[PDB]
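*Asks:* Take this structure first; my questions come after.
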Amino acid sequence: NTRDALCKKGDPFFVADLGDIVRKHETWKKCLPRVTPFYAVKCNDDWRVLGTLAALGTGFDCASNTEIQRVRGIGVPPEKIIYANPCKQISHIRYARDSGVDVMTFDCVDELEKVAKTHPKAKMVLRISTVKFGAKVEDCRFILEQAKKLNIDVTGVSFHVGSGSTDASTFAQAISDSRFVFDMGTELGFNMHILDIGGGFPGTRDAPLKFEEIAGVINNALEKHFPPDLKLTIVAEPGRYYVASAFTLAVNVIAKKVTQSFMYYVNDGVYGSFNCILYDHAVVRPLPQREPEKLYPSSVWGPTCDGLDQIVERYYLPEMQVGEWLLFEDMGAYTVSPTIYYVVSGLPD
Amino acid sequence: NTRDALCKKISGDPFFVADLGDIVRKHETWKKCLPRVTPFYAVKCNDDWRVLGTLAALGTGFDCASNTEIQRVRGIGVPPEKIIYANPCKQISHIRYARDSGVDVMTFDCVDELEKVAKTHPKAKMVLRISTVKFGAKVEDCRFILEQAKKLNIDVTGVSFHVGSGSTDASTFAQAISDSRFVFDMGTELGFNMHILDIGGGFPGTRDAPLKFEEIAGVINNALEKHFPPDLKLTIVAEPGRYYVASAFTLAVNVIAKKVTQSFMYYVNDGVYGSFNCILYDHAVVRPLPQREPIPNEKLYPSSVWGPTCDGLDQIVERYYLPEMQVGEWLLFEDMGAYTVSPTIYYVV
Ligand SMILES: CN[C@@H]1[C@@H](O)[C@@H](O[C@@H]2[C@@H](O)[C@H](O[C@H]3O[C@H]([C@H](C)O)[C@@H](O)[C@H](O)[C@H]3N)[C@@H](N)C[C@H]2N)OC[C@]1(C)O
Ligand SMILES: CN[C@@H]1[C@@H](O)[C@@H](O[C@@H]2[C@@H](O)[C@H](O[C@H]3O[C@H]([C@H](C)O)[C@@H](O)[C@H](O)[C@H]3N)[C@@H](N)C[C@H]2N)OC[C@]1(C)O
Ligand SMILES: Cc1ncc(COP(=O)(O)O)c(CN[C@H](CCCN)C(=O)O)c1O
Ligand SMILES: Cc1ncc(COP(=O)(O)O)c(CN[C@H](CCCN)C(=O)O)c1O
């Protein structure tokens, strides 16, 4: 259990439950049997996390030359990597080539020009819109034609809705659109056999739109537009789905201020594990490592002199005391400063 | 010259060109506009080695806010006396490190901190920081705080405050200083040896600031005369951060990808998850600057710059008129030395 790694043992530290990942996978292979997962390394590049996912037979979605170097470092073969970054730096595209990574994405003619000059025989996937990335459908015909003139081996379509979804229809529409563009590619003599549904899948039960109400809507549309076919290969770039809940952060209360409301200061914040409050819209919940009081409105703060380095605003907590620990669960996604300790629960040695 | 030694090694990873001389000039201007105030450089702003060494040689003091910043400053030969542990709420093991390093001046703004101090660093010269939400004791609670410090046998040596850089009006400095006199007297009244006044930081580092440094030094010197007339027993200091380094750093990024629509979008190999974290953390508004001097009646078009990351939030510029650029061409960003720093850094002196 995690619930007692921590309870077994003042710098902040991470407790990572690898077993929670293995469970996330099983649930994936179940709710989306047709979709092969390519883990968005950017979400959490922890070594054990990558190795664990590797062993589970997963693929990796690298978006930079370093992520590729990292994945290739743990023995993962090039074939299992997708350089899913649309606009890539030439020296990088060059690194991918030299590393055996032949699948990359793109969303504009320009990228194709760079590819033609640097990685000609690269299997290219056309990412479509669902602001910064994704070619509009209307411009796809023109793009493909140009890829034709550039002798680019276009092997599929991809998209990404993101995690800010309230409604799963977005997945249905993006997939319908993918068929449309898929046909054009096939129409222009392009060998279209890959469908990338991206990421944005809930890593917690915390969020209203369940993973499973999503897999459902996806499988439906995936049946109405991409019926089974041995030539076809469907993948996704899940990031937070696999690691959000696997990480639990333990911070130590370093200073207090009373006034009846409290103000606690912990040794980690926005300039660290909590950069996710500013970068990823994260809303966290402080959780005492103490057994359950009169509760009072509180606020937690990072150890930094920056008045913006605030972790919690107004959360009811029991009166805490300097030196006592505070926990934050669901801190594995876009958070990794805290050493990392792993735990493998409910699993057959 | 920068404007040209950049226009030397561009003979495509991003790099910093730091003009140390711009720092030496910043100092002279300080010793001139604020002769009575000794500067303690807020290391947090930019901890570059040459920057610290340069400031050291210029006979400046250092405002460290953590155990590492102290270790760093102590590392370049700077003596403990020239350091002020200006972080109000400090982690005990840290307070312990300061002690062991000879750093005896620290700040505080609540009784609590005093308790920690009494148990860990008794003979520490403590500076009470006042309000100008996260830091700064209100004046109304200062009497009570001092009394408690008395009961704790704390050697309270002064007052401090911080208005920050979000100032439109310098009066704030005048009021904070008036308030500092008031609390200064109480300390003296309770038998406390009050002989230090810390005016904090928040002084312009760029010539783009509405509020001039010099209209500020003026208002400060005025109030400093009406409340803290010269006195050999008195010592006045400040914690300037951005003033000394903002304009000394010039960032060079390489355009790695492009897209058209008449408007343009550019992708560079650095952004919010790096040197540009200042757009999210420090309210920075940057200006892209071609490294290809201009030509004529050039046609300029609305553009946008973007970080190399898959994050749609990794946007550097929104809508800025620039000439049509081309992948492989450089883009410059000036005034990027404050709260921005591994793009390799290059130094011009
Ligand atoms: C909506 N957020 C959910 C929520 O259901 C949450 O449950 C926590 C639960 O974990 C806490 O219980 C905690 O107790 C101990 C800790 C040392 O005190 C640990 O074992 C562990 O953190 C947890 N079991 C409980 N005290 C409050 C609920 N909100 O569990 C995780 C979550 C998915 O983020
Ligand atoms: C917006 N920053 C202001 C600004 O006045 C700036 O001067 C720039 C000047 O640096 C630029 O001129 C630039 O010229 C070349 C580049 C090839 O064009 C660069 O190599 C060089 O660093 C720079 N001097 C000029 N194009 C506009 C002015 N506003 O100087 C710094 C500053 C005062 O903070
Ligand atoms: C090509 C691509 N593939 C997978 C994922 C993974 O998303 P998720 O982890 O939700 O499944 C992302 C998410 N990148 C940032 C995330 C913002 C981070 N601060 C976003 O703005 O969605 C992406 O751009
Ligand atoms: C006690 C203390 N003394 C000096 C400085 C230096 O400020 P400046 O460099 O402007 O002079 C700081 C910087 N704190 C954040 C900075 C926010 C960083 N994004 C702020 O709100 O200005 C501080 O907390």
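All residue names refer to the structure tokens as shown: chains lettered A, B, ... in order, residues numbered from 1 in each chain, ligands numbered from 1 in order.
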Residues within 8 Å of residue B:312, please, as a CSV table (one decimal) with C-alpha atoms, in the first residue's frame. Count only C-alpha atoms; anything in the same chain fewer than 5 positions from it doesn't count.

*Replies:*
```csv
chain,number,residue,atom,x,y,z
A,131,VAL,CA,-5.0,27.3,-32.5
A,132,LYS,CA,-1.4,26.2,-32.2
A,133,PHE,CA,-1.6,22.8,-34.0
```

*Asks:* Could you give me, as JSON, numbers by chain, every polymer residue with an atom at most 6 Å away from an atom of ligand 1, counting only C-alpha atoms and all ligand atoms?

*Replies:* {"A": [3, 204, 205, 206, 288, 289, 290, 329, 330]}

*Asks:* Dump N, CA, C and O atoms for the selected residues as an mmCIF file, in the first residue's frame?

*Replies:*
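What ended up in out-v2.cif:
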```cif
data_model
loop_
_atom_site.group_PDB
_atom_site.id
_atom_site.type_symbol
_atom_site.label_atom_id
_atom_site.label_comp_id
_atom_site.auth_asym_id
_atom_site.auth_seq_id
_atom_site.Cartn_x
_atom_site.Cartn_y
_atom_site.Cartn_z
ATOM 1 N N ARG A 3 -0.538 4.134 1.256
ATOM 2 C CA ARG A 3 -1.131 4.562 2.476
ATOM 3 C C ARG A 3 -0.322 4.180 3.705
ATOM 4 O O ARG A 3 -0.772 4.422 4.818
ATOM 5 N N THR A 204 -8.271 10.419 -13.433
ATOM 6 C CA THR A 204 -8.908 10.297 -12.123
ATOM 7 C C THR A 204 -10.426 10.166 -12.255
ATOM 8 O O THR A 204 -10.989 10.433 -13.319
ATOM 9 N N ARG A 205 -11.087 9.759 -11.173
ATOM 10 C CA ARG A 205 -12.546 9.652 -11.171
ATOM 11 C C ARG A 205 -13.059 11.031 -10.775
ATOM 12 O O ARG A 205 -14.258 11.311 -10.814
ATOM 13 N N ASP A 206 -12.110 11.881 -10.398
ATOM 14 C CA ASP A 206 -12.364 13.249 -9.967
ATOM 15 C C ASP A 206 -13.142 14.060 -11.006
ATOM 16 O O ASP A 206 -14.053 14.815 -10.658
ATOM 17 N N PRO A 288 -4.186 15.855 5.123
ATOM 18 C CA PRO A 288 -3.423 15.556 6.338
ATOM 19 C C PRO A 288 -2.933 14.091 6.422
ATOM 20 O O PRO A 288 -3.638 13.186 5.976
ATOM 21 N N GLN A 289 -1.727 13.857 6.971
ATOM 22 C CA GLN A 289 -1.210 12.473 7.125
ATOM 23 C C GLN A 289 -1.440 12.158 8.563
ATOM 24 O O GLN A 289 -0.605 11.623 9.321
ATOM 25 N N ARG A 290 -2.626 12.547 8.930
ATOM 26 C CA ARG A 290 -3.013 12.344 10.252
ATOM 27 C C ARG A 290 -4.416 11.865 10.214
ATOM 28 O O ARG A 290 -5.227 12.230 9.357
ATOM 29 N N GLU A 329 -2.643 14.037 -3.439
ATOM 30 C CA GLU A 329 -2.820 12.871 -4.300
ATOM 31 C C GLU A 329 -3.089 13.305 -5.729
ATOM 32 O O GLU A 329 -3.470 14.453 -5.978
ATOM 33 N N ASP A 330 -2.915 12.377 -6.666
ATOM 34 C CA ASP A 330 -3.142 12.670 -8.075
ATOM 35 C C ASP A 330 -2.187 13.779 -8.505
ATOM 36 O O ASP A 330 -2.603 14.839 -8.969
#
```

*Asks:* As a ChimeraX atom specification, please: every protein or nucleic acid residue near ligand 2 (cut-off 12 Å, counting only C-alpha atoms and all ligand atoms).

*Replies:* /B:1-10,16-19,22,204-209,245-252,285-295,322-323,329-337

*Asks:* Identify every residue of chain A that has at least one atom within 6 Å of any atom of chain B, counting only C-alpha atoms, and report the result as an mmCIF file with C-alpha atoms, in the first residue's frame.

*Replies:*
```cif
data_model
loop_
_atom_site.group_PDB
_atom_site.id
_atom_site.type_symbol
_atom_site.label_atom_id
_atom_site.label_comp_id
_atom_site.auth_asym_id
_atom_site.auth_seq_id
_atom_site.Cartn_x
_atom_site.Cartn_y
_atom_site.Cartn_z
ATOM 1 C CA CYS A 87 6.583 21.500 -35.926
ATOM 2 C CA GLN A 89 13.512 21.515 -35.361
ATOM 3 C CA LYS A 132 -1.368 26.209 -32.228
ATOM 4 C CA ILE A 254 7.590 24.454 7.409
ATOM 5 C CA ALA A 255 5.905 27.460 9.013
ATOM 6 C CA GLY A 307 3.351 35.967 -3.532
#
```

*Asks:* Got a sec: who's within 9 Å of residue A:106, counting only C-alpha atoms, leaving out chain neighbours fewer than 3 positions off, as a ChimeraX atom specification?

*Replies:* /A:84-88,109-112,124-128,133-135

*Asks:* Between B:24, B:103, B:139, B:95, which has the minimum distance to residue B:120 (counting only C-alpha atoms)?

*Replies:*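 When distances to residue B:120 are compared using only C-alpha atoms, the smallest one comes from B:95.
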
*Asks:* Given only C-alpha atoms and all ligand atoms as the basis, pick out the residue of A:1, A:335, A:27, A:304 nearest to ligand 4.

*Replies:* A:304

*Asks:* For stretch 187-189 of chain B, list every protein, DNA or RNA residue within 8 Å, evaluated using only C-alpha atoms, and leave out those in the same chain fewer than 6 positions away; present the list as a list in words.

*Replies:*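 Neighbouring residues, sequence-local ones excluded: residues 146, 156 and 158 of chain B.
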
*Asks:* Can you tell me which residues come within 6 Å of ligand 3 when counting only C-alpha atoms and all ligand atoms, ideally as an NGL selection string?

*Replies:* (:A and (40 or 43 or 84 or 162-163 or 198-201 or 237-240 or 279-280 or 334)) or (:B and (310-312))

*Asks:* Could you please write out, as JSON, numbers by chain, every residue of stretch 206-315 of chain B that DSSP assigns to strand (DSSP E or B)?

*Replies:* {"B": [235, 236, 237, 238, 249, 250, 251, 252, 253, 254, 255, 256, 257, 258, 259, 260, 264, 265, 266, 267, 268, 288, 289, 290, 300, 301, 302, 303, 304, 305, 306, 315]}

*Asks:* Would you mind exporting N, CA, C and O atoms of the selected residues as a compact mmCIF listing (two decimals), in the first residue's frame?

*Replies:*
```txt
# COMPACT_ATOMS: atom_id res chain seq x y z
N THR B 235 21.85 52.00 9.31
CA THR B 235 22.34 51.40 8.07
C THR B 235 21.11 51.13 7.23
O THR B 235 20.17 50.48 7.68
N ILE B 236 21.10 51.66 6.01
CA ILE B 236 19.97 51.48 5.11
C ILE B 236 20.36 50.59 3.93
O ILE B 236 21.37 50.84 3.27
N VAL B 237 19.56 49.56 3.68
CA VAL B 237 19.83 48.65 2.58
C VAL B 237 18.57 48.36 1.79
O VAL B 237 17.46 48.75 2.17
N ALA B 238 18.76 47.69 0.66
CA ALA B 238 17.65 47.33 -0.20
C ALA B 238 17.94 45.95 -0.79
O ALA B 238 19.07 45.46 -0.72
N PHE B 249 20.66 40.89 -20.18
CA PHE B 249 20.54 39.65 -20.94
C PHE B 249 19.71 39.81 -22.21
O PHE B 249 18.63 40.42 -22.22
N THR B 250 20.26 39.27 -23.30
CA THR B 250 19.60 39.29 -24.60
C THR B 250 19.52 37.84 -25.09
O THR B 250 20.54 37.15 -25.21
N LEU B 251 18.30 37.38 -25.36
CA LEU B 251 18.09 36.00 -25.79
C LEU B 251 17.94 35.83 -27.30
O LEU B 251 17.18 36.55 -27.96
N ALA B 252 18.67 34.86 -27.83
CA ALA B 252 18.63 34.56 -29.26
C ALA B 252 18.00 33.19 -29.51
O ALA B 252 18.54 32.15 -29.11
N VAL B 253 16.83 33.19 -30.15
CA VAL B 253 16.15 31.94 -30.49
C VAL B 253 16.13 31.72 -32.00
O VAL B 253 16.09 32.68 -32.78
N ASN B 254 16.16 30.46 -32.42
CA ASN B 254 16.15 30.13 -33.83
C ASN B 254 14.75 29.71 -34.29
O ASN B 254 14.12 28.87 -33.66
N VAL B 255 14.27 30.31 -35.38
CA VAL B 255 12.96 29.95 -35.91
C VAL B 255 13.09 28.53 -36.45
O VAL B 255 13.87 28.27 -37.36
N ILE B 256 12.33 27.60 -35.86
CA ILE B 256 12.39 26.19 -36.24
C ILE B 256 11.27 25.70 -37.15
O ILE B 256 11.39 24.64 -37.76
N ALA B 257 10.17 26.45 -37.22
CA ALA B 257 9.03 26.08 -38.05
C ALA B 257 8.21 27.31 -38.39
O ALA B 257 8.25 28.30 -37.67
N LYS B 258 7.46 27.25 -39.49
CA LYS B 258 6.66 28.38 -39.93
C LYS B 258 5.32 27.95 -40.52
O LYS B 258 5.17 26.82 -40.95
N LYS B 259 4.35 28.87 -40.53
CA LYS B 259 3.02 28.62 -41.09
C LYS B 259 2.45 29.95 -41.58
O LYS B 259 2.67 30.99 -40.95
N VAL B 260 1.70 29.91 -42.67
CA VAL B 260 1.10 31.12 -43.23
C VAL B 260 -0.41 30.97 -43.18
O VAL B 260 -0.92 29.93 -42.77
N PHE B 264 1.35 35.56 -40.18
CA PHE B 264 2.28 34.47 -39.91
C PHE B 264 2.34 33.96 -38.47
O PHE B 264 1.95 34.66 -37.53
N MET B 265 2.84 32.74 -38.32
CA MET B 265 3.01 32.08 -37.03
C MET B 265 4.40 31.49 -37.04
O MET B 265 4.78 30.81 -38.00
N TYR B 266 5.18 31.74 -36.00
CA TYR B 266 6.54 31.23 -35.95
C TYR B 266 6.79 30.35 -34.74
O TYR B 266 6.24 30.60 -33.67
N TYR B 267 7.62 29.34 -34.91
CA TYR B 267 7.94 28.42 -33.83
C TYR B 267 9.42 28.51 -33.54
O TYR B 267 10.24 28.34 -34.43
N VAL B 268 9.76 28.78 -32.28
CA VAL B 268 11.16 28.90 -31.90
C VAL B 268 11.53 27.82 -30.89
O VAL B 268 10.66 27.27 -30.23
N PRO B 288 9.59 40.39 -29.90
CA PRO B 288 10.47 39.67 -30.83
C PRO B 288 11.22 40.71 -31.65
O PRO B 288 10.66 41.72 -32.08
N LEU B 289 12.50 40.44 -31.86
CA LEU B 289 13.36 41.37 -32.57
C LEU B 289 14.28 40.67 -33.57
O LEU B 289 15.20 39.96 -33.19
N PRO B 290 14.00 40.84 -34.85
CA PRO B 290 14.80 40.24 -35.93
C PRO B 290 16.34 40.50 -35.77
O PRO B 290 16.72 41.56 -35.30
N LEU B 300 5.53 44.36 -43.33
CA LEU B 300 5.49 43.69 -42.04
C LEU B 300 4.09 43.09 -41.94
O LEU B 300 3.12 43.68 -42.42
N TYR B 301 3.98 41.92 -41.32
CA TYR B 301 2.67 41.28 -41.19
C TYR B 301 2.43 40.83 -39.75
O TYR B 301 3.37 40.57 -39.00
N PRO B 302 1.15 40.77 -39.34
CA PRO B 302 0.87 40.33 -37.97
C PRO B 302 1.36 38.90 -37.78
O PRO B 302 1.07 38.02 -38.58
N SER B 303 2.13 38.69 -36.72
CA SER B 303 2.68 37.37 -36.46
C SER B 303 2.36 36.88 -35.05
O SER B 303 1.57 37.47 -34.33
N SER B 304 2.99 35.76 -34.70
CA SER B 304 2.84 35.15 -33.39
C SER B 304 4.01 34.19 -33.29
O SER B 304 4.39 33.56 -34.28
N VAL B 305 4.61 34.11 -32.12
CA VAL B 305 5.74 33.22 -31.92
C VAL B 305 5.27 32.13 -30.97
O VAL B 305 4.34 32.35 -30.20
N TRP B 306 5.90 30.95 -31.02
CA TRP B 306 5.49 29.85 -30.18
C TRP B 306 6.68 29.03 -29.69
O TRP B 306 7.72 28.95 -30.36
N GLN B 315 2.93 29.65 -25.73
CA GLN B 315 2.91 30.72 -26.72
C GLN B 315 3.76 31.87 -26.18
O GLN B 315 3.60 32.28 -25.03
```

*Asks:* Determine, counting only C-alpha atoms, which protein, DNA and RNA residues have an atom within 10 Å of an atom of stretch 45-51 of chain B; residues of the same chain fewer than 5 positions away are not included. Present the result as a ChimeraX atom specification.

*Replies:* /B:18-20,23,56,69,72-73,75-76,240-246,248,337-341,345,347

*Asks:* Apply DSSP to the structure's backbone, then extract all residues of stretch 137-184 of chain A labelled alpha helix (DSSP H) and return them as JSON, numbers by chain.

*Replies:* {"A": [140, 141, 142, 143, 144, 145, 146, 147, 148, 149, 169, 170, 171, 172, 173, 174, 175, 176, 177, 178, 179, 180, 181, 182, 183, 184]}

*Asks:* May I have the selected residues written with N, CA, C and O atoms, as an mmCIF file, in the first residue's frame?

*Replies:*
```
data_model
loop_
_atom_site.group_PDB
_atom_site.id
_atom_site.type_symbol
_atom_site.label_atom_id
_atom_site.label_comp_id
_atom_site.auth_asym_id
_atom_site.auth_seq_id
_atom_site.Cartn_x
_atom_site.Cartn_y
_atom_site.Cartn_z
ATOM 1 N N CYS A 140 -6.740 20.606 -45.972
ATOM 2 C CA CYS A 140 -6.132 19.286 -46.072
ATOM 3 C C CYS A 140 -5.902 18.792 -47.496
ATOM 4 O O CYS A 140 -4.861 18.190 -47.787
ATOM 5 N N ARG A 141 -6.864 19.034 -48.380
ATOM 6 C CA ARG A 141 -6.703 18.610 -49.763
ATOM 7 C C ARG A 141 -5.434 19.257 -50.321
ATOM 8 O O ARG A 141 -4.536 18.570 -50.825
ATOM 9 N N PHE A 142 -5.354 20.579 -50.210
ATOM 10 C CA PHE A 142 -4.191 21.308 -50.698
ATOM 11 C C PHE A 142 -2.894 20.794 -50.072
ATOM 12 O O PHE A 142 -1.877 20.651 -50.755
ATOM 13 N N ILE A 143 -2.927 20.515 -48.774
ATOM 14 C CA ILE A 143 -1.743 20.017 -48.087
ATOM 15 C C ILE A 143 -1.289 18.676 -48.650
ATOM 16 O O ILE A 143 -0.103 18.478 -48.921
ATOM 17 N N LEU A 144 -2.233 17.755 -48.825
ATOM 18 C CA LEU A 144 -1.913 16.435 -49.361
ATOM 19 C C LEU A 144 -1.319 16.555 -50.761
ATOM 20 O O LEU A 144 -0.291 15.940 -51.061
ATOM 21 N N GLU A 145 -1.957 17.358 -51.609
ATOM 22 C CA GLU A 145 -1.457 17.567 -52.970
ATOM 23 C C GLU A 145 0.014 17.969 -52.916
ATOM 24 O O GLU A 145 0.855 17.394 -53.614
ATOM 25 N N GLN A 146 0.320 18.954 -52.074
ATOM 26 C CA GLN A 146 1.686 19.439 -51.921
ATOM 27 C C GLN A 146 2.623 18.354 -51.403
ATOM 28 O O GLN A 146 3.802 18.318 -51.761
ATOM 29 N N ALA A 147 2.100 17.484 -50.542
ATOM 30 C CA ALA A 147 2.891 16.385 -49.991
ATOM 31 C C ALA A 147 3.173 15.421 -51.134
ATOM 32 O O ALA A 147 4.202 14.739 -51.164
ATOM 33 N N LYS A 148 2.232 15.374 -52.073
ATOM 34 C CA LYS A 148 2.348 14.522 -53.245
ATOM 35 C C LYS A 148 3.515 15.073 -54.058
ATOM 36 O O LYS A 148 4.457 14.348 -54.382
ATOM 37 N N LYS A 149 3.460 16.370 -54.352
ATOM 38 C CA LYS A 149 4.519 17.028 -55.109
ATOM 39 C C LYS A 149 5.853 16.917 -54.379
ATOM 40 O O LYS A 149 6.912 17.056 -54.984
ATOM 41 N N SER A 169 -18.551 14.195 -27.425
ATOM 42 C CA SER A 169 -18.934 14.307 -28.830
ATOM 43 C C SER A 169 -17.721 14.729 -29.653
ATOM 44 O O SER A 169 -17.520 14.269 -30.781
ATOM 45 N N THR A 170 -16.919 15.614 -29.070
ATOM 46 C CA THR A 170 -15.719 16.129 -29.715
ATOM 47 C C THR A 170 -14.896 14.996 -30.318
ATOM 48 O O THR A 170 -14.336 15.133 -31.401
ATOM 49 N N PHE A 171 -14.821 13.881 -29.604
ATOM 50 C CA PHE A 171 -14.079 12.720 -30.075
ATOM 51 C C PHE A 171 -14.774 12.118 -31.292
ATOM 52 O O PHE A 171 -14.126 11.683 -32.249
ATOM 53 N N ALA A 172 -16.100 12.098 -31.248
ATOM 54 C CA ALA A 172 -16.895 11.551 -32.335
ATOM 55 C C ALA A 172 -16.703 12.364 -33.611
ATOM 56 O O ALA A 172 -16.506 11.805 -34.689
ATOM 57 N N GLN A 173 -16.754 13.686 -33.479
ATOM 58 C CA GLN A 173 -16.600 14.580 -34.620
ATOM 59 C C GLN A 173 -15.193 14.544 -35.209
ATOM 60 O O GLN A 173 -15.020 14.576 -36.426
ATOM 61 N N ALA A 174 -14.194 14.482 -34.340
ATOM 62 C CA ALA A 174 -12.806 14.451 -34.780
ATOM 63 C C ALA A 174 -12.537 13.177 -35.562
ATOM 64 O O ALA A 174 -11.752 13.168 -36.507
ATOM 65 N N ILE A 175 -13.196 12.098 -35.162
ATOM 66 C CA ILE A 175 -13.030 10.811 -35.827
ATOM 67 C C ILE A 175 -13.766 10.779 -37.165
ATOM 68 O O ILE A 175 -13.294 10.171 -38.122
ATOM 69 N N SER A 176 -14.923 11.430 -37.227
ATOM 70 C CA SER A 176 -15.670 11.499 -38.473
ATOM 71 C C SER A 176 -14.782 12.255 -39.457
ATOM 72 O O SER A 176 -14.547 11.801 -40.579
ATOM 73 N N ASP A 177 -14.288 13.408 -39.012
ATOM 74 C CA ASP A 177 -13.411 14.245 -39.822
ATOM 75 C C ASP A 177 -12.184 13.468 -40.279
ATOM 76 O O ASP A 177 -11.716 13.641 -41.403
ATOM 77 N N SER A 178 -11.660 12.614 -39.406
ATOM 78 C CA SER A 178 -10.477 11.834 -39.743
ATOM 79 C C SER A 178 -10.741 10.883 -40.902
ATOM 80 O O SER A 178 -9.840 10.597 -41.687
ATOM 81 N N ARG A 179 -11.973 10.387 -41.003
ATOM 82 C CA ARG A 179 -12.342 9.477 -42.090
ATOM 83 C C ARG A 179 -12.249 10.262 -43.388
ATOM 84 O O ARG A 179 -11.595 9.842 -44.343
ATOM 85 N N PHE A 180 -12.920 11.410 -43.395
ATOM 86 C CA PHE A 180 -12.952 12.310 -44.538
ATOM 87 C C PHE A 180 -11.555 12.554 -45.098
ATOM 88 O O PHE A 180 -11.306 12.326 -46.281
ATOM 89 N N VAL A 181 -10.647 13.024 -44.249
ATOM 90 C CA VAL A 181 -9.278 13.293 -44.674
ATOM 91 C C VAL A 181 -8.569 11.989 -45.020
ATOM 92 O O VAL A 181 -7.700 11.953 -45.894
ATOM 93 N N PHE A 182 -8.948 10.916 -44.332
ATOM 94 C CA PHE A 182 -8.355 9.602 -44.569
ATOM 95 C C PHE A 182 -8.621 9.196 -46.013
ATOM 96 O O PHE A 182 -7.739 8.664 -46.698
ATOM 97 N N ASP A 183 -9.844 9.456 -46.469
ATOM 98 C CA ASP A 183 -10.236 9.114 -47.830
ATOM 99 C C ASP A 183 -9.462 9.916 -48.864
ATOM 100 O O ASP A 183 -8.982 9.357 -49.849
ATOM 101 N N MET A 184 -9.340 11.224 -48.640
ATOM 102 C CA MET A 184 -8.606 12.076 -49.563
ATOM 103 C C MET A 184 -7.205 11.523 -49.742
ATOM 104 O O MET A 184 -6.720 11.408 -50.858
#
```

*Asks:* So which residues touch stretch 208-224 of chain A within 6 Å, counting only C-alpha atoms, skipping near sequence neighbours fewer than 6 positions away, as a list in words?

*Replies:*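 Listed by chain and then number, they are residues 31, 168, 172 and 202 of chain A.
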
*Asks:* Please identify all polymer residues within 10 Å of residue A:23, counting only C-alpha atoms, omitting same-chain residues fewer than 2 positions from it, and present them as number ranges by chain.

*Replies:* A: 18-21, 25-28, 242, 246, 346-347

*Asks:* Choose the residue, out of B:102, B:296, B:201, B:229, that has the smallest atom-to-atom separation from residue B:80; count only C-alpha atoms.

*Replies:*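 Among the listed residues, B:102 lies closest to residue B:80.
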
*Asks:* Please report, as a tab-separated table, each residue of chain A lying at most 10 Å from ligand 4, together with the nearest pair of atoms and the separation in Å rounded to one decimal; use only C-alpha atoms and all ligand atoms, and order rows by chain and ascending residue number.

*Replies:*
```
residue	atom	partner	partner_atom_place_in_ligand_line	distance
A:271	CA	ligand 4	19 (N)	9.8
A:304	CA	ligand 4	24 (O)	7.8
A:305	CA	ligand 4	24 (O)	4.2
A:306	CA	ligand 4	15 (C)	4.3
A:307	CA	ligand 4	21 (O)	5.6
A:308	CA	ligand 4	21 (O)	7.4
A:309	CA	ligand 4	17 (C)	8.9
```

*Asks:* Please compute the atom CA of residue B:174-atom CA of residue B:223 distance, one decimal, in Å.

*Replies:*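 About the pair atom CA of residue B:174 and atom CA of residue B:223: they are 5.4 Å apart.
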
*Asks:* Just give me the gap between atom CA of residue A:236 and atom CA of residue A:343 in Å, one decimal is fine.

*Replies:*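 According to the coordinates, atom CA of residue A:236 and atom CA of residue A:343 are separated by 27.0 Å.
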
*Asks:* Just checking: using only C-alpha atoms, which residue out of B:262, B:172, B:193, B:326 ends up closest to residue B:125?

*Replies:*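 Of all the options, B:193 lies closest to residue B:125.
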
*Asks:* Quick one, how far is atom CA of residue B:348 from atom CA of residue B:32?

*Replies:*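 Spanning atom CA of residue B:348 to atom CA of residue B:32 is a straight-line distance of 24.4 Å.
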